Structures are given as structure tokens and as C-alpha cells.
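*Asks:* I have a structure here, written as C-alpha cells, and I will follow up with some questions on it.
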Amino acid sequence: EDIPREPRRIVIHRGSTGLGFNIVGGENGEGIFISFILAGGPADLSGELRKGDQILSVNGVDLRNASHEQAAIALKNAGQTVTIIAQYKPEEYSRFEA
């Protein structure tokens with residue numbers, strides 16, 4: 001596919017269904033991962049985010065060592081235009097989530 005291995009920058013605009021994705025992780029050995037992408041939501045329309053992406057940063061707020069609630073608050077407070085730094089790690093996601 002066209003998804004690279006290294007971190008990538010994706011710009012999302014918030015709407016009436018939020019940023020259009022939901023998250024898991026943030027405990028133990030597991031960072032913040034996208035578990036669900038809403039059909040037609042902002043993340044879906046970008047074409048850029050995937051289930052199994054780890055969110056490394058949101059608008060400059062580092063989420064590599066954040067709990068789930070710290071990450072959910074940072075996403076809720078990130079404003080209308082949100083820049084997500086994501087890194088695609090589907091095998092690590094499957095280890096924790098399957």
C-alpha cells in the first residue's frame with residue numbers, strides 16, 4: 001500500500017462526530033492506537049489514518065507515554081484543526097488487541 005513505515009503527519013478537521021476515530025491502549029506496553037475509523041468522518045476522508053496506527057503526537061502534545069484518559073483529553077482539547085503524527089504498527093496492534 002502507500003502507507004509508509006515511518007511517522008507521518010495528518011491534518012484532521014473536527015466535526016459533529018469529533019475527529020472520526022476511537023482509541024485504545026495507553027497502559028503497560030501499549031501506546032495509543034486507533035481501533036476504529038468512522039465511515040465518512042474526518043479521519044476516513046483524509047484517507048491517511050488506519051486502524052493499527054499509533055498516535056505519537058497531537059498538535060505537539062506527545063502521547064507516547066500517555067494514559068488513555070490523558071490521550072482522550074488531549075484529543076478533545078486539540079481544537080478544530082488537528083495535526084496527528086501517526087506511525088502504522090498493525091502487528092503490535094494485533095498483539096495487544098486481538
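To be explicit about the labels: the chains of the C-alpha cells are called A, B, and onward in the order shown, and within each one the residues are counted from 1, while ligands get numbers from 1 in the order they are shown.
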Based on the backbone DSSP call, show me all residues of segment 1-43 of chain A assigned strand (DSSP E), as a ChimeraX atom specification.
*Replies:* /A:8-13,21-27,30-37
*Asks:* Got time to write the residues from that selection, C-alpha atoms, as a CSV table (one decimal), in the first residue's frame?
*Replies:*
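So the final result, stored in again.csv, reads:
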```csv
chain,number,residue,atom,x,y,z
A,8,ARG,CA,3.6,10.6,9.1
A,9,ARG,CA,1.8,13.9,9.6
A,10,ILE,CA,-2.0,14.0,9.0
A,11,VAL,CA,-4.2,17.1,9.3
A,12,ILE,CA,-7.9,16.4,10.5
A,13,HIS,CA,-10.7,18.9,11.0
A,21,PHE,CA,-11.8,7.7,15.2
A,22,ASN,CA,-11.6,5.9,18.5
A,23,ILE,CA,-8.6,4.9,20.6
A,24,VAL,CA,-7.3,2.0,22.7
A,25,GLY,CA,-4.1,1.5,24.7
A,26,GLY,CA,-2.1,3.8,26.8
A,27,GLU,CA,-1.3,1.1,29.5
A,30,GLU,CA,0.8,-0.4,24.7
A,31,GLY,CA,0.8,3.2,23.3
A,32,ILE,CA,-2.3,5.0,21.9
A,33,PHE,CA,-3.7,3.1,18.9
A,34,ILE,CA,-6.6,3.9,16.6
A,35,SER,CA,-9.0,1.0,16.9
A,36,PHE,CA,-11.9,2.3,14.8
A,37,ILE,CA,-12.3,4.7,11.9
```
*Asks:* If we count only C-alpha atoms and set the cut-off at 8 Å, which residues sit around residue 74 of chain A, ignoring sequence neighbours fewer than 4 positions away in its own chain? Please answer as JSON, numbers by chain.
*Replies:* {"A": [58, 61, 70, 78]}
*Asks:* For the residues selected in the previous step, produce a file with N, CA and C atoms as a PDB file, in the first residue's frame.
*Replies:*
```pdb
ATOM      1  N   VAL A  58      -0.275  14.760  19.166  1.00  0.00           N
ATOM      2  CA  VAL A  58      -1.402  15.527  18.658  1.00  0.00           C
ATOM      3  C   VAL A  58      -1.126  16.979  18.937  1.00  0.00           C
ATOM      4  N   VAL A  61       1.479  17.742  21.474  1.00  0.00           N
ATOM      5  CA  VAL A  61       1.367  17.034  22.752  1.00  0.00           C
ATOM      6  C   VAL A  61       1.778  15.552  22.524  1.00  0.00           C
ATOM      7  N   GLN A  70      -5.377  10.534  29.473  1.00  0.00           N
ATOM      8  CA  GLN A  70      -4.586  11.713  29.047  1.00  0.00           C
ATOM      9  C   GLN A  70      -4.707  11.869  27.536  1.00  0.00           C
ATOM     10  N   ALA A  78      -7.787  19.541  21.463  1.00  0.00           N
ATOM     11  CA  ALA A  78      -6.795  19.895  20.450  1.00  0.00           C
ATOM     12  C   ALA A  78      -7.262  20.941  19.450  1.00  0.00           C
TER      13      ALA A  78
END
```
*Asks:* Mind pulling up the distance from atom CA of residue 41 of chain A to atom CA of residue 16 of chain A?
*Replies:*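 Between atom CA of residue 16 of chain A and atom CA of residue 41 of chain A the gap is 8.9 Å.
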*Asks:* Can you list, as a list in words, all residues belonging to chain A that DSSP tags as alpha helix (DSSP H)?
*Replies:*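 Of chain A, only residues 42, 43, 44, 45, 46, 68, 69, 70, 71, 72, 73, 74, 75, 76, 90, 91, 92, 93, 94, 95, 96 and 97 of chain A fall in alpha helix (DSSP H).
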*Asks:* Which neighbours of residue 94 of chain A fall inside 8 Å, counting only C-alpha atoms, when residues of the same chain fewer than 4 positions from it are skipped, and could you give them as a PyMOL selection string?
*Replies:* chain A and resi 52+90+98
*Asks:* Between A:29, A:55, A:65, A:76, which residue has the minimum interatomic distance to residue 96 of chain A, considering only C-alpha atoms?
*Replies:* A:29
*Asks:* Would you mind telling me which residue in A:56, A:51, A:20, A:39 lies nearest to residue 93 of chain A when using only C-alpha atoms?
*Replies:*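 Closest residue, counting only C-alpha atoms: A:51.
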*Asks:* Quick check, in Å to one decimal: how far apart do atom CA of residue 79 of chain A and atom CA of residue 92 of chain A lie?
*Replies:*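 Distance between the two atoms: 29.2 Å.
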*Asks:* Could you work out how far atom CA of residue 75 of chain A lies from atom CA of residue 50 of chain A, giving the answer in Å with one decimal?
*Replies:*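 Separation between atom CA of residue 50 of chain A and atom CA of residue 75 of chain A: 16.5 Å.
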